[PDB]
Amino acid sequence: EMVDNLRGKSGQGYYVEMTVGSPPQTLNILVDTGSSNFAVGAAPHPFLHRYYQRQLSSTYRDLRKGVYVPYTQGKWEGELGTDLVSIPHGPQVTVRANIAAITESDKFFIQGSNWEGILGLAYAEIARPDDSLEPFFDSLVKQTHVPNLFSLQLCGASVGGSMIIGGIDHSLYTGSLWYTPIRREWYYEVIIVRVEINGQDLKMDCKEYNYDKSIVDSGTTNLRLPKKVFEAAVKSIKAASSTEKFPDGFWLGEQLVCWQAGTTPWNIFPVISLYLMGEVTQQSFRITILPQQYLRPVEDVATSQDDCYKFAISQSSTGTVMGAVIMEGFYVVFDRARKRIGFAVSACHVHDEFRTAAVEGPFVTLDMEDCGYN
Ligand SMILES: CCc1cn2c3c(cc(C(=O)N[C@@H](Cc4ccccc4)[C@H](O)CNCc4cccc(OC)c4)cc13)N(C)S(=O)(=O)CC2
């Protein structure tokens with residue numbers, strides 16, 4: 001019943017339908033494992049088709065406290081309160097939850113995105129103003145009998161997917177689920193132990209891959225990498241694809257690359273393998289990323305004699321972010337109850353006739369180094 005309950009536009013997030021207040025007000029809400037505040041547009045905005053009207057909800061309670069939340073992209077400010085919330089195509093329950101009513105924002109809402117708010121699915125430790133503001137999923141678990149776990153199947157301009165709350169839907173993946181430990185419960189922080197481009201190790205001290213943290217983040221589009229790792233990755237992808245020369249602006253994500261419709265040279269771009277820490281000492285597994293994932297299609301009727309793409313790997317000063325283009329084609333299980341993240345090949349997996357995205361292991365390392373940065 002919960003399958004295919006996500007929609008979205010490429011590069012603009014995935015959202016689920018929710019209702020807030022009594023009587024229920026329907027809003028589309030972006031699913032974000034990279035933050036912990038539930039917030040909704042609550043005042044008119046040029047890019048909002050609708051917004052939360054507190055005056056029409058008898059169950060709304062003002063907490064008489066303001067809140068400000070800056071993301072990597074965009075920021076908003078709002079007023080804290082609580083109200084009743086439901087998920088029409090999720091669990092059939094109603095819970096009272098904290099809600100930030102967004103009254104002002106900057107570069108947060110996206111023109112034509114079809115969502116009006118954001119659902120932060122991470123832990124209280126990174127909630128604003130502080131960790132006493134209980135996140136939605138915590139409220140959901142406390143107030144209902146829903147198991148402490150959710151899974152995301154994000155599929156690759158209209159896109160779709162499934163958010164399954166309370167369990168795992170085996171129809172959504174094939175093969176085995178591999179688990180990596182959640183290192184610390186704030187973001188969904190994980191540990192990358194090795195990175196290869198077309199089978200070739202980048203050969204860095206593995207702490208570099210996790211400077212200063214690595215997270216799984218559905219609310220971020222790109223694979224974001226620490227500067228040192230980003231430069232190494234680009235050098236290696238350039239080398240692999242050297243049969244064609246692209247403008248420096250493409251690698252900086254400032255420019256599109258286009259080919260005649262249907263002629264994208266996928267084969268000249270390498271597969272990227274990210275090895276994640278396993279649940280056993282010095283063991284790991286890898287997820288493999290095809291160019292069909294990290295070259296993101298940019299839909300534009302004006303350019304449609306061609307297929308055009310943006311490079312969806314970018315530089316970070318705040319650690320590695322495994323964003324939506326990494327999650328796409330995998331079934332990702334956020335197993336909060338057992339403090340682990342599971343990965344499996346998704347039913348909507350990425351592949352052509354030569355290569356397939358994969359989740360595989362086990363791999364062993366002799367080096368006994370802890371790859372966590374802290
Ligand atoms: C999906 C819209 C989007 C596009 N892009 C990006 C983007 C970042 C974020 C981003 O910051 N997303 C946060 C949520 C969000 C979703 C839609 C629109 C605006 C923001 C996400 O929560 C980031 N999670 C890490 C983080 C960083 C800083 C403060 C936080 O506070 C708790 C959380 C969103 C987009 N870039 C930096 S990027 O390199 O992935 C490429 C462009």
# chains A, B, ... in the order shown; residues from 1 in each chain; ligands from 1
>>> residues_near_ligand(ligand="ligand 1", cutoff="8 Å", atoms="only C-alpha atoms and all ligand atoms", output="PyMOL selection string")
chain A and resi 11-14+30+32-37+69-75+107-110+118+120+126-128+187+217-224+312-316+318+321+323
>>> residues_around(residues="residue 282 of chain A", least_positions_apart="6", cutoff="9 Å", atoms="only C-alpha atoms", output="list in words")
residues 363, 364, 365, 366, 367, 368 and 369 of chain A
>>> closest_atom_pairs(of="segment 234-318 of chain A", to="segment 197-205 of chain A", cutoff="6 Å", atoms="only C-alpha atoms", output="Markdown table")
| residue | atom | partner | partner_atom | distance |
| --- | --- | --- | --- | --- |
| A:270 | CA | A:198 | CA | 5.0 |
| A:271 | CA | A:198 | CA | 5.1 |
| A:272 | CA | A:197 | CA | 4.7 |
>>> write_last_selection(atoms="C-alpha atoms", output="PDB file, in the first residue's frame")
ATOM      1  CA  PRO A 270      34.028   4.739 -15.071  1.00  0.00           C
ATOM      2  CA  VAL A 271      32.136   2.950 -12.320  1.00  0.00           C
ATOM      3  CA  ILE A 272      32.705   4.341  -8.825  1.00  0.00           C
TER       4      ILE A 272
END
>>> closest_residue(among="A:308, A:63, A:20, A:216", to="residue 327 of chain A", atoms="only C-alpha atoms")
A:216
>>> select_by_dssp(residues="segment 178-295 of chain A", states="helix (DSSP H, G or I)", output="JSON, numbers by chain")
{"A": [206, 207, 208, 209, 210, 227, 228, 229, 230, 231, 232, 233, 234, 235, 236, 237, 238, 239, 240, 248, 249, 250, 251, 266, 267, 268, 291, 292, 293, 294]}
>>> closest_atom_pairs(of="segment 40-95 of chain A", to="segment 143-167 of chain A", cutoff="7 Å", atoms="only C-alpha atoms", output="JSON lines")
{"residue": "A:90", "atom": "CA", "partner": "A:165", "partner_atom": "CA", "distance": 6.8}
{"residue": "A:91", "atom": "CA", "partner": "A:165", "partner_atom": "CA", "distance": 6.8}
{"residue": "A:95", "atom": "CA", "partner": "A:143", "partner_atom": "CA", "distance": 6.5}
>>> write_last_selection(atoms="C-alpha atoms", output="PDB file, in the first residue's frame")
ATOM      1  CA  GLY A  90       2.001   5.526   4.754  1.00  0.00           C
ATOM      2  CA  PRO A  91       1.086   3.952   8.112  1.00  0.00           C
ATOM      3  CA  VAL A  95       0.362  11.538  15.672  1.00  0.00           C
TER       4      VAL A  95
END
>>> select_by_dssp(residues="segment 192-330 of chain A", states="strand (DSSP E)", output="JSON, numbers by chain")
{"A": [192, 193, 194, 195, 196, 197, 200, 201, 214, 215, 216, 223, 224, 225, 226, 257, 258, 259, 260, 272, 273, 274, 275, 276, 277, 283, 284, 285, 286, 287, 288, 289, 295, 296, 297, 306, 307, 308, 309, 310, 311, 313, 314, 315, 316, 320, 321, 322, 330]}
>>> write_last_selection(atoms="N, CA and C atoms", output="compact mmCIF listing (two decimals), in the first residue's frame")
# COMPACT_ATOMS: atom_id res chain seq x y z
N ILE A 192 33.12 5.24 5.28
CA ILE A 192 33.67 4.75 4.01
C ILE A 192 35.12 4.30 4.23
N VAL A 193 35.44 3.07 3.84
CA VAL A 193 36.78 2.54 4.12
C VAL A 193 37.69 2.47 2.89
N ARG A 194 37.11 2.64 1.71
CA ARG A 194 37.85 2.54 0.45
C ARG A 194 37.02 3.12 -0.69
N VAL A 195 37.68 3.79 -1.63
CA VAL A 195 37.04 4.30 -2.84
C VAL A 195 37.86 3.87 -4.05
N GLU A 196 37.19 3.32 -5.06
CA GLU A 196 37.83 2.97 -6.32
C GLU A 196 37.11 3.62 -7.50
N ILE A 197 37.89 4.06 -8.48
CA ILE A 197 37.34 4.53 -9.75
C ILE A 197 37.79 3.52 -10.81
N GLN A 200 40.24 1.03 -9.68
CA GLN A 200 41.51 1.56 -9.19
C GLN A 200 41.34 2.33 -7.88
N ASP A 201 42.00 1.83 -6.84
CA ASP A 201 42.00 2.43 -5.51
C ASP A 201 42.52 3.87 -5.58
N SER A 214 30.85 11.23 7.29
CA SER A 214 30.16 10.80 6.07
C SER A 214 28.72 10.47 6.42
N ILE A 215 27.78 10.94 5.60
CA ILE A 215 26.37 10.74 5.92
C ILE A 215 25.55 10.26 4.73
N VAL A 216 24.41 9.64 5.02
CA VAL A 216 23.46 9.23 4.00
C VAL A 216 22.30 10.22 4.02
N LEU A 223 26.53 13.36 -4.88
CA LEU A 223 27.60 12.82 -4.06
C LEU A 223 28.55 13.98 -3.78
N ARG A 224 28.69 14.34 -2.51
CA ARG A 224 29.55 15.44 -2.12
C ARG A 224 30.77 14.86 -1.42
N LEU A 225 31.96 15.32 -1.80
CA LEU A 225 33.20 14.73 -1.30
C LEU A 225 34.13 15.78 -0.71
N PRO A 226 34.89 15.42 0.33
CA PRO A 226 35.90 16.32 0.87
C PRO A 226 36.86 16.74 -0.24
N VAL A 257 26.98 19.09 -20.08
CA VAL A 257 27.52 18.41 -21.24
C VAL A 257 26.35 17.80 -22.00
N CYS A 258 26.35 17.94 -23.32
CA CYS A 258 25.24 17.46 -24.12
C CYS A 258 25.72 16.60 -25.27
N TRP A 259 24.95 15.56 -25.58
CA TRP A 259 25.17 14.76 -26.78
C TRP A 259 23.88 14.66 -27.58
N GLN A 260 24.01 14.40 -28.88
CA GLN A 260 22.84 14.17 -29.71
C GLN A 260 21.96 13.12 -29.04
N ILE A 272 32.13 3.94 -10.10
CA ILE A 272 32.71 4.34 -8.82
C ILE A 272 32.26 3.36 -7.75
N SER A 273 33.21 2.79 -7.02
CA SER A 273 32.87 1.88 -5.94
C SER A 273 33.15 2.52 -4.59
N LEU A 274 32.14 2.56 -3.74
CA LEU A 274 32.30 3.05 -2.38
C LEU A 274 32.22 1.85 -1.45
N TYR A 275 33.30 1.59 -0.71
CA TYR A 275 33.31 0.50 0.25
C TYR A 275 32.89 1.03 1.61
N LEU A 276 31.85 0.43 2.18
CA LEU A 276 31.35 0.84 3.48
C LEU A 276 31.76 -0.15 4.56
N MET A 277 32.02 0.37 5.75
CA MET A 277 32.38 -0.46 6.89
C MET A 277 31.31 -1.52 7.15
N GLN A 283 35.93 -5.98 7.97
CA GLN A 283 35.16 -6.38 6.80
C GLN A 283 34.39 -5.20 6.23
N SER A 284 34.13 -5.26 4.94
CA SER A 284 33.38 -4.21 4.27
C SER A 284 32.58 -4.79 3.12
N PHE A 285 31.69 -3.98 2.56
CA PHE A 285 31.05 -4.32 1.30
C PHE A 285 31.12 -3.08 0.42
N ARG A 286 30.86 -3.24 -0.88
CA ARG A 286 30.88 -2.08 -1.76
C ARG A 286 29.56 -1.87 -2.46
N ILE A 287 29.23 -0.61 -2.70
CA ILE A 287 28.16 -0.27 -3.61
C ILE A 287 28.81 0.38 -4.82
N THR A 288 28.34 0.02 -6.01
CA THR A 288 28.96 0.50 -7.23
C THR A 288 28.02 1.46 -7.94
N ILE A 289 28.57 2.59 -8.36
CA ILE A 289 27.79 3.69 -8.92
C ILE A 289 28.14 3.84 -10.40
N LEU A 295 25.99 11.21 -13.58
CA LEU A 295 25.67 12.19 -14.61
C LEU A 295 24.16 12.40 -14.62
N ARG A 296 23.71 13.49 -14.00
CA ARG A 296 22.29 13.71 -13.79
C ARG A 296 21.66 14.38 -15.01
N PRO A 297 20.56 13.81 -15.53
CA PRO A 297 19.90 14.38 -16.71
C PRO A 297 19.27 15.72 -16.35
N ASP A 306 19.13 17.25 -27.94
CA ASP A 306 20.23 16.57 -27.25
C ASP A 306 19.77 15.93 -25.95
N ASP A 307 20.61 15.06 -25.40
CA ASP A 307 20.54 14.70 -23.99
C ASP A 307 21.66 15.45 -23.27
N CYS A 308 21.31 16.19 -22.23
CA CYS A 308 22.28 17.01 -21.51
C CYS A 308 22.34 16.60 -20.04
N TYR A 309 23.53 16.70 -19.46
CA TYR A 309 23.73 16.23 -18.09
C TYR A 309 24.55 17.21 -17.27
N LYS A 310 24.32 17.20 -15.96
CA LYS A 310 25.20 17.88 -15.01
C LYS A 310 26.00 16.84 -14.24
N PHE A 311 27.26 17.18 -13.95
CA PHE A 311 28.12 16.34 -13.13
C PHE A 311 27.60 16.43 -11.70
N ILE A 313 28.67 15.10 -8.88
CA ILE A 313 29.63 14.91 -7.80
C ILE A 313 30.23 16.28 -7.55
N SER A 314 30.27 16.70 -6.29
CA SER A 314 30.75 18.04 -5.99
C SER A 314 31.57 18.10 -4.72
N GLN A 315 32.20 19.25 -4.50
CA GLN A 315 33.15 19.43 -3.41
C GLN A 315 32.45 19.87 -2.13
N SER A 316 32.87 19.30 -1.01
CA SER A 316 32.28 19.62 0.28
C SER A 316 33.36 20.04 1.28
N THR A 320 31.68 13.93 3.64
CA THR A 320 31.07 13.24 2.52
C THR A 320 29.57 13.20 2.69
N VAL A 321 28.85 13.43 1.60
CA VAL A 321 27.41 13.28 1.60
C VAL A 321 27.02 12.31 0.50
N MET A 322 26.47 11.17 0.88
CA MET A 322 25.91 10.24 -0.09
C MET A 322 24.46 10.65 -0.35
N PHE A 330 19.26 1.90 -5.36
CA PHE A 330 19.41 1.01 -4.22
C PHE A 330 18.21 1.09 -3.30
>>> residues_around(residues="residue 213 of chain A", least_positions_apart="3", cutoff="7 Å", atoms="only C-alpha atoms", output="list in words")
residues 189, 210, 319, 320 and 373 of chain A
>>> write_last_selection(atoms="C-alpha atoms", output="mmCIF file, in the first residue's frame")
data_model
loop_
_atom_site.group_PDB
_atom_site.id
_atom_site.type_symbol
_atom_site.label_atom_id
_atom_site.label_comp_id
_atom_site.auth_asym_id
_atom_site.auth_seq_id
_atom_site.Cartn_x
_atom_site.Cartn_y
_atom_site.Cartn_z
ATOM 1 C CA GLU A 189 26.658 8.838 9.883
ATOM 2 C CA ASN A 210 35.252 10.603 6.272
ATOM 3 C CA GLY A 319 32.371 15.843 4.940
ATOM 4 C CA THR A 320 31.074 13.242 2.518
ATOM 5 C CA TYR A 373 37.821 10.796 11.491
#
>>> closest_residue(among="A:121, A:93, A:100, A:56", to="residue 334 of chain A", atoms="only C-alpha atoms")
A:121
>>> closest_residue(among="A:362, A:329, A:372, A:265", to="residue 172 of chain A", atoms="only C-alpha atoms")
A:329
>>> atom_distance(atom1="atom CA of residue 131 of chain A", atom2="atom CA of residue 185 of chain A")
11.8 Å
>>> residues_around(residues="residue 60 of chain A", least_positions_apart="4", cutoff="12 Å", atoms="only C-alpha atoms", output="ChimeraX atom specification")
/A:20-25,52-56,64,79-85,96-101
>>> residues_around(residues="residue 51 of chain A", least_positions_apart="6", cutoff="7 Å", atoms="only C-alpha atoms", output="mmCIF file with C-alpha atoms, in the first residue's frame")
data_model
loop_
_atom_site.group_PDB
_atom_site.id
_atom_site.type_symbol
_atom_site.label_atom_id
_atom_site.label_comp_id
_atom_site.auth_asym_id
_atom_site.auth_seq_id
_atom_site.Cartn_x
_atom_site.Cartn_y
_atom_site.Cartn_z
ATOM 1 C CA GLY A 41 5.491 26.618 4.325
ATOM 2 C CA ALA A 42 3.035 28.598 6.443
ATOM 3 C CA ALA A 43 2.879 31.897 4.567
ATOM 4 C CA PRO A 44 2.529 32.863 0.895
ATOM 5 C CA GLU A 116 5.778 22.712 0.341
#
>>> atom_distance(atom1="atom CA of residue 18 of chain A", atom2="atom CA of residue 88 of chain A")
6.3 Å
>>> closest_residue(among="A:39, A:239, A:326, A:190", to="residue 136 of chain A", atoms="only C-alpha atoms")
A:39
